[PDB]
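As the structure lists them, so they are numbered: ligands from 1, and atoms in each ligand from 1. Reckoned from all heavy atoms, side chains included, excluding hydrogens, waters and symmetry mates. In what follows, chains are A, B, ... by sequence order, proteins preceding strands, each numbered from 1.
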Amino acid sequence: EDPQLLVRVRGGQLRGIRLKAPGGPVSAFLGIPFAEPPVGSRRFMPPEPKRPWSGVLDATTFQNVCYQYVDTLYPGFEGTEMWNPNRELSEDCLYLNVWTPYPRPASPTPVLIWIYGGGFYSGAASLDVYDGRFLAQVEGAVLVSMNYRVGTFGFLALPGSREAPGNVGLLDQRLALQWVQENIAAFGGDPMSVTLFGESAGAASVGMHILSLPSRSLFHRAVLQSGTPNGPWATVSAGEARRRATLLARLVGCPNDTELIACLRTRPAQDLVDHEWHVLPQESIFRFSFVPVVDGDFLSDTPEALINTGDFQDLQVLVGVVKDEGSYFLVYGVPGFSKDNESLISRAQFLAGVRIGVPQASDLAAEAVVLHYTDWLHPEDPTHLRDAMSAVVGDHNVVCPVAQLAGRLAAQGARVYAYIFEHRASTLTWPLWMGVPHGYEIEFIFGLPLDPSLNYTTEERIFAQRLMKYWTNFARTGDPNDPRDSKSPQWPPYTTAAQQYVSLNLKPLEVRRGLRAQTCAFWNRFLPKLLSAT
Amino acid sequence: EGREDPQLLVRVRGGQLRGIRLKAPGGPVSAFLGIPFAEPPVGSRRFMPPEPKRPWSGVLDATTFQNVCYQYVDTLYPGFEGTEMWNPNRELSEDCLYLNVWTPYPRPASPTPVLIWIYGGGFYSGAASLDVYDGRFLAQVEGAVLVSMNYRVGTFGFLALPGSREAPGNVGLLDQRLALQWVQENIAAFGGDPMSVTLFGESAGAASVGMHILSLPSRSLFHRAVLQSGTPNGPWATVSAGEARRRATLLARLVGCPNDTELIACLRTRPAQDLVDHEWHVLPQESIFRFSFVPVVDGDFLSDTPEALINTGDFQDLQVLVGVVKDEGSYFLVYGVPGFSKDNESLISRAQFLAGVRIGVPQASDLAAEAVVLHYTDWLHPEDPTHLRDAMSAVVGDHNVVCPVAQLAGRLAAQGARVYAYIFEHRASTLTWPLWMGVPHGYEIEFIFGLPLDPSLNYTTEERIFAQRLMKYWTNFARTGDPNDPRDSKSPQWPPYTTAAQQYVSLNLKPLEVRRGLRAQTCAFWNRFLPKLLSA
Ligand SMILES: *[C@@H]1O[C@H](CO)[C@@H](O[C@@H]2O[C@H](CO)[C@@H](O)[C@H](O)[C@H]2NC(C)=O)[C@H](O)[C@H]1NC(C)=O
Ligand SMILES: C[N+](C)(C)CCOC(=O)CCC(=O)OCC[N+](C)(C)C
Ligand SMILES: C[N+](C)(C)CCOC(=O)CCC(=O)OCC[N+](C)(C)C
Ligand SMILES: *[C@@H]1O[C@H](CO)[C@@H](O)[C@H](O)[C@H]1NC(C)=O
Ligand SMILES: *[C@@H]1O[C@H](CO)[C@@H](O)[C@H](O)[C@H]1NC(C)=O
């Protein structure tokens with residue numbers, strides 16, 4: 001019995017496992033329950049706190065993945081399978097993981113809490129890319145990650161109902177946050193220095209915690225990677241959540257809300273997942289059936305309204321995007337695209353793809369997108385059209401929403417730092433045309449290139465080490481720069497005047513100005529004016 | 001005759017003429033100035049198509065420029081060469097339908113290509129007699145025969161009660177056409193080749209050239225065309241029958257004139273100046289680069305709209321040269337946009353930019369105007385008064401000239417025409433407008449006509465060489481339909497504009513540089529997006 005691996009938390013005693021990191025050991029406590037299992041009558045309901053337990057709970061292994069859809073577009077392919085569940089699926093999935101230095105930190109250490117992405121329909125904290133050991137060992141950080149409910153289980157809502165109120169996956173995350181405030185000191189973590197970080201739907205999640213008052217006493221800083229609470233996909237209205245929940249119910253033979261929710265609770269988990277992708281209003285990509293709802297509770301108003309009227313004075317945010325945010329999504333619905341060819345498309349296929357990639361756009365608004373993204377010197381060139389399609393989807397769904405948030409936060413007191421991530425992993429199994437796809441910065445921030453068995457280059461290991469420092473410097477101080485340092489390319493704050501951000505690549509930091517400024521003016525200022533007049 | 005220079009006596013269809021021996025820097029030229037080509041369009045003839053000039057007895061003196069057609073005279077900046085250089089240099093009269101001819105001295109032995117200049121000035125102003133249109137240098141240096149005609153402007157050329165007999169519209173264009181007919185019948189008397197006539201003009205003059213391309217009866221009267229900083233398509237060069245009628249009727253009321261015959265009859269009783277004094281009061285909006293009396297789509301001279309005609313036309317037999325100056329819009333901003341002045345830097349605010357766009361794009365809805373502001377904003381510096389000033393210039397220039405030209409060039413190329421496109425980017429060293437205005441509308445003309453060759457004018461040596469290059473491109477085009485010299489292979493070549501490659505050349509002090517896409521993205525905005533917005 002190694003006393004470093006034995007911790008007492010409020011609910012009882014835990015035994016962790018000593019893991020090997022490249023430069024030394026780390027203590028890991030995996031599969032710690034933070035809620036009562038949300039099963040049977042507790043499906044669709046807010047999480048309840050975990051009852052205390054007897055003896056010593058075994059926290060040496062990852063727990064089950066929340067019940068979710070599993071991707072089958074390309075069986076066996078690493079590019080898709082690296083995001084699929086790696087533990088058994090279950091509705092009993094509300095557990096969290098903690099990595100700490102070995103021996104445990106002498107003095108209180110900054111805490112980073114990772115919230116995974118996956119469209120609010122998928123994801124798990126057990127995926128290898130989310131491995132906290134490298135950050136623990138190298139940076140001395142305490143790293144925490146939680147499972148939260150996804151799909152119908154986390155986000156099906158009959159708004160105003162007592163028994164399916166909506167947003168329960170966000171309340172799962174909040175309970176884990178509450179757990180960290182109460183327990184993280186036992187691991188050497190500093191509960192007065194918690195940084196949320198996440199990617200895609202996890203970044204949207206982080207933003208929702210910034211915009212929900214109860215969450216704000218549970219952290220101090222935030223990192224939003226490739227995702228925002230504002231934007232086209234991260235929220236639905238109460239009417240539209242009700243519509244989808246009602247249509248899903250109908251699809252599974254169910255059945256007054258009480259009666260409808262009750263019948264849904266009798267259905268096997270897979271029966272719900274079976275009909276998950278039949279409730280969307282259009283043929284679309286980058287669109288997810290069950291997501292956070294503007295309920296007037298967790299979210300007091302729309303994220304747009306909230307970001308425009310918020311006071312962000314004692315907040316620090318790190319935000320950014322990858323170079324090719326849209327590319328990944330094109331192979332999942334747009335005719336002409338595939339990982340297995342160069343996806344050189346016709347102009348006809350481009351016009352069609354815009355209707356799928358901007359599914360809420362009217363005929364005129366779709367036409368304005370096509371005209372803006374056409375290179376009128378090469379209007380029919382298949383490479384330009386393919387790359388333009390990627391751009392439309394990435395800009396609409398991620399870059400322009402990020403730019404808009406960055407600017408509101410900055411304008412309203414927040415200290416903001418922005419980046420574009422431009423390095424394509426040498427190990428990537430997706431084709432060259434997709435570039436630096438959505439999700440492929442995470443492995444560098446988590447420090448996976450430091451594991452020499454993973455076949456990254458020496459430059460990537462050095463690069464990962466740089467990114468780990470920025471993120472953990474930010475966690476420590478709300479500033480990604482070194483306090484004592486190498487020095488003379490400093491990462492400057494993003495402001496609404498200068499609009500400075502940095503390129504994250506194998507070369508030293510480069511400061512640029514304007515995150516797609518002209519194009520995001522199109523999406524953020526023109527298109528809203530268009531369809532609100534028309 | 002007897003004691004008189006035998007090289008200056010020529011007979012045309014109407015009778016005998018006496019010209020004048022003028023000095024060009026390189027040697028003498030012959031000029032026959034003030035040749036009547038129509039009956040004076042005065043009295044009962046006002047607003048009516050021109051009648052060909054009846055023959056005269058004796059020898060008509062063709063030694064001086066004749067009267068300028070009655071017109072508005074610019075008052076904005078009195079005594080200032082920037083404005084005065086375009087103002088009338090002879091007395092104003094409705095008796096003004098004269099044309100001018102310049103030829104080598106002695107007149108060429110074998111038939112020479114003819115260039116016909118059609119001046120600009122909004123269809124409300126202009127004269128063939130301005131110094132800037134002086135044909136002596138082209139005649140002397142290139143051996144060209146150059147013709148320039150006066151045509152009626154303002155109400156006198158373009159006021160229309162469409163469908164009427166007494167005021168059918170387009171009569172100023174009919175004046176231009178009669179001159180083209182005159183050249184056909186008569187230019188051989190001067191050594192010009194009637195089977196090789198190339199038109200050219202700037203602004204309204206270029207719109208006019210394009211209307212002759214688009215009008216059947218004019219097509220037999222010339223062989224190649226050159227349109228500088230203007231087009232028949234676009235927002236300002238024509239008006240619908242209904243808008244022409246509305247403007248004519250409003251003007252009539254304003255001068256105290258109530259049946260079209262009765263209305264037009266009463267208009268003919270009014271002093272020419274009364275008409276001029278009210279012509280600016282009939283535009284539908286507060287605007288710039290908009291002109292009250294302009295060609296009308298009558299279903300006669302213009303059988304449909306220029307847009308329809310350029311889209312459905314067969315131009316296989318057409319060789320055309322078209323282009324633009326670097327700063328088409330700057331000039332116009334000082335005649336209407338609050339914030340702008342020739343006497344300061346015109347650093348405007350964002351509020352002044354939005355205001356100006358309403359004036360610069362007068363026919364735009366609120367949504368269209370905001371699309372323009374959003375497109376032209378530098379979102380890295382949205383409040384910077386230097387960019388705002390220059391975006392205001394660009395809006396006006398792109399909407400009214402650059403994108404219509406891009407448009408025309410593409411339709412013509414797509415439909416068989418051999419097209420050559422340029423952008424002119426040299427700012428004359430003698431320009432009196434402020435630097436912020438760049439290379440403004442009309443300031444290439446003096447180089448094409450060769451004024452820098454006159455040492456009394458104080459241009460640089462480099463500017464003289466550059467003028468000689470341009471005169472060669474223009475006359476080579478006139479001669480052959482190709483502005484390149486066949487023997488000179490060392491100089492860089494000017495390639496034709498095509499839809500595939502969209503090539504065009506920069507005209508400046510440096511050798512020709514080929515560029516691709518004449519403002520392709522922005523003109524997609526004006527030519528493809530806004531039209532689709534309009535339908536909704
Ligand atoms: C440059 O000169 C112009 C011409 O007078 C000035 O324009 C005026 O600006 C004021 C203040 O904004 C307005 O009230 C007027 O409407 C403008 N006059 C007109 C009719 O153009 C301009 O202010 C000058 N620039 C500076 C700062 O010296
Ligand atoms: C982003 N990530 C790297 C974390 C995981 C990749 O997941 C996707 O398949 C992206 C495409 C997608 O969202 O598909 C959902 C639609 N569906 C369910 C029909 C596949
Ligand atoms: C022939 N040129 C274009 C080289 C010079 C034209 O000069 C102008 O007046 C341009 C400004 C203008 O069109 O004035 C219109 C307003 N108005 C009529 C009141 C003077
Ligand atoms: C690329 O691959 C996809 C999938 O089979 C196919 O539908 C598409 O037409 C292909 N394109 C070309 C032109 O090879
Ligand atoms: C040109 O320069 C001369 C020589 O200094 C000067 O005296 C003359 O007035 C100038 N004329 C013009 C046209 O500017």
Quick one: look up the protein heavy atom nearest [atom] and list residue, atom name and how far away it is.
{"atom": "atom 19 (C) of ligand 3", "answer": "B:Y72 OH, 3.9 Å"}
{"atom": "atom 12 (C) of ligand 3", "answer": "B:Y124 OH, 3.3 Å"}
{"atom": "atom 12 (C) of ligand 4", "answer": "A:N341 ND2, 3.4 Å"}
{"atom": "atom 7 (O) of ligand 3", "answer": "B:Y331 OH, 3.4 Å"}
{"atom": "atom 9 (O) of ligand 4", "answer": "A:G336 CA, 4.8 Å"}

Hey, which atoms in ligand 3 end up nearer than 4.0 Å to a heavy atom of [X]?
{"X": "B:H441", "value": "3 (C), 4 (C)"}
{"X": "B:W280", "value": "18 (C)"}
{"X": "B:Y335", "value": "11 (C)"}

Tell me yes or no: between the side chains of B:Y459 and B:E446, is some donor less than 3.5 Å from an acceptor?
->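 Short answer, yes.
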Taking atom types as modelled, is there a side-chain donor on B:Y335 or B:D74 under 3.5 Å from an acceptor on the other?
->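 Yes - a donor-acceptor pair under 3.5 Å links their side chains.
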Find the distance between CD (B:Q363) and CZ (B:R358) and round it off to the nearest 0.5 Å.
->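 With rounding to 0.5 Å, CD (B:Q363) is 11.0 Å from CZ (B:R358).
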Ring geometry between [Y] and [X] (parallel below 30°, tilted from 30 to 60°, perpendicular above 60°):
{"X": "B:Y133", "Y": "B:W117", "answer": "tilted"}
{"X": "B:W526", "Y": "B:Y376", "answer": "tilted"}
{"X": "A:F77", "Y": "A:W430", "answer": "perpendicular"}

Whether the side chain of [X] engages the backbone of [Y] through a donor-acceptor N/O pair (distance < 3.5 Å, no angle test) should be reported.
{"X": "B:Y119", "Y": "B:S129", "result": "no"}
{"X": "A:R424", "Y": "A:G435", "result": "yes"}
{"X": "B:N100", "Y": "B:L33", "result": "no"}

With a 4.0 Å cut-off, strictly under, does [atom] pick up any protein heavy atom?
{"atom": "atom 14 (O) of ligand 4", "result": "yes"}
{"atom": "atom 16 (C) of ligand 3", "result": "no"}
{"atom": "atom 7 (O) of ligand 5", "result": "no"}

Please state whether B:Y119 comes within less than 4.0 angstrom of ligand 3, counting heavy atoms only.
->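 No; B:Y119 lies far enough from ligand 3 that no heavy-atom distance drops under 4.0 Å.
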Decide whether the shortest distance between a heavy atom of B:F291 and an atom of ligand 3 is less than 4.0 Å.
->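 It does; at least one heavy atom falls under 4.0 Å.
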Taking atom CG of B:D277 as the centre, does the number of heavy atoms from other residues, nucleotides or ligands within less than 6.0 Å exceed 12?
->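 Check passes, neighbour count above 12.
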Flag if over 12 foreign heavy atoms under 6.0 Å of NZ, A:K339 |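 Counting other residues, nucleotides and ligands, NZ of A:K339 exceeds 12 neighbours.
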For B:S456, counting its heavy atoms only, list the atoms of ligand 5 lying under 4.0 Å from any of them.
->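 Numbered from 1, ligand 5 contributes 13 (C).
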Look at atom 2 (O) of ligand 5 and find which of B:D454, B:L457, B:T430, B:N458 reaches it with the closest heavy atom.
->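 Comparing heavy atoms across B:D454, B:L457, B:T430, B:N458, the nearest one to atom 2 (O) of ligand 5 lies in B:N458.
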Check each heavy atom of B:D74 against ligand 3 and say whether those closer than 4.0 Å belong to the side chain, the backbone, both or neither.
->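 Contact part for B:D74 vs ligand 3: side chain (C-beta onward).
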Would you check whether B:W86 has a nitrogen or oxygen atom less than 3.5 angstrom from a nitrogen or oxygen atom of ligand 3?
->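 No: no nitrogen or oxygen of B:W86 is under 3.5 Å from one in ligand 3.
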